[PDB]
Structure formats: C-alpha cells, structure tokens
Amino acid sequence: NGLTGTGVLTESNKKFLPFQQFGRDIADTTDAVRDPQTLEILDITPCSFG
Amino acid sequence: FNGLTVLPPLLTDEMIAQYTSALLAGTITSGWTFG
Amino acid sequence: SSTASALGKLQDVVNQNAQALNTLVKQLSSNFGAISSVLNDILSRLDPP
Ligand SMILES: *[C@@H]1O[C@H](CO)[C@@H](O[C@@H]2O[C@H](CO)[C@@H](O)[C@H](O)[C@H]2NC(C)=O)[C@H](O)[C@H]1NC(C)=O
C-alpha cells in the first residue's frame, strides 16, 4: 500500500487496534504490516547478511 | 538491524568465572607465592 | 542485596553505548536539505539529473 521495502515476511501474533495499518518500535523502523486484503498482521525481518 | 553487527567476545562468562575461581583458590591456599 | 544503583559505572557505560547507537540509527530519517529521506521515492519521483 505504498510502503515499500525488502525483507522476509512471517506470521505475527500482535494485535492492532482496528484502525492502525502498520507498526514500528524504536528509531522508527517498520516491524509489522496489515495486508489490505486479508487484514491479518504480518511481521517483517531483514534477510540475513554478514 | 541496518548494517549493524555485534560480535561476541572471545572469552565466555564461564571462562572468566574460572579464572576468578583459580585466582581466589590460589590466594587462599598458597598466599602470594603462586605469583 | 537491597541497595540499588551501586554499580553506576557499568550501567552508564552501557547506556552511553546504547544512546550513541540509537542516535546514529535515528539520523537516517533526516532530510539534510533534500526533498525526501528515502532513496526509492527520490529515484521513482524524478529524472536522474
Ligand atoms: C476482499 O476480497 C477478498 C477476496 O474475495 C475477500 O475475502 C473473502 O472474504 C469472504 C468473507 O466475506 C470469505 O468467505 C472468502 O473466503 C474470502 N476470500 C479470500 C480469498 O480470502 C474480502 O472479504 C474482501 N474484503 C476485504 C475488506 O478484504
């Protein structure tokens, strides 16, 4: 929905209020999104590097 | 993460505790002679 | 056992390191006088020049 980025998507057990769309924790890095079509909370994790 | 990595220390906590125990046992039993 | 804040030195070393990392990360959101703080939008919004 216009919020773009790379990473791996997993299932999440968080619980948004019925009006949020996505979440972030600290330093404003997105960590979870709600898909517009299923309305279930996903989870974002950067894919590995080192 | 954002290109940031944290590396683990070479010595683990158990090894540090083992040095501490060795030093303390030596100073209890021998004195300063083991230095 | 009871009295707290007796280990202020180690605690403040940890706090300083964490604060430095936190501000370094938060600096990524600054505009720096450009038109946006994200590369993808700038690339997708206007021409190379
Ligand atoms: C958007 O479209 C999807 C696809 O049809 C809808 O999801 C369906 O919802 C009904 C319930 O009303 C279920 O019985 C279907 O199994 C669902 N299909 C799929 C593929 O998930 C969805 O309800 C629509 N609306 C919204 C707001 O997402």
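Order of the sequence lines fixes the chain letters, A, B, ..., with proteins taken first and strands second; residue numbering starts at 1 for each chain. Just so you know, ligand 1 is whichever comes first in the structure, and atom 1 is the first atom listed for that ligand.
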Engineer: To which residues is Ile26(A) joined in a hydrophobic cluster, defined by side-chain heavy-atom contacts under 4.5 Å among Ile, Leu, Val, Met, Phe, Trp and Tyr, whether direct or through other members?
Structural biologist: none
Engineer: Considering only distance and modelled atom types, tabulate donor-acceptor pairs under 3.5 Å from the side chains of residues 7-27 of chain B, sequence neighbours left out.
Structural biologist:
| residue | atom | partner | partner atom | Å |
| --- | --- | --- | --- | --- |
| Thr20(B) | OG1 | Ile16(B) | O | 3.2 |

Engineer: Any donor-acceptor pair under 3.5 Å linking the side-chain atoms of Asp35(A) with those of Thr38(A)?
Structural biologist: yes
Engineer: Looking just at side-chain N and O atoms, do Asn40(C) and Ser44(C) make a donor-acceptor pair shorter than 3.5 Å?
Structural biologist: no
Engineer: Within the protein, flag every N or O under 3.5 Å from an N or O of ligand 1, and note the pair and distance.
Structural biologist:
| residue | atom | partner | partner atom | Å |
| --- | --- | --- | --- | --- |
| ligand 1 | 28 (O) | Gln37(A) | O | 2.7 |

Engineer: Whether the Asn15(C) and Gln11(C) side chains hold a donor-acceptor pair (N or O, under 3.5 Å, no angle test) is what I'd like checked.
Structural biologist: yes
Engineer: Can you list the other members of the hydrophobic cluster that holds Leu4(B), where links are side-chain heavy atoms under 4.5 angstrom apart?
Structural biologist: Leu21(C), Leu24(C), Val25(C)
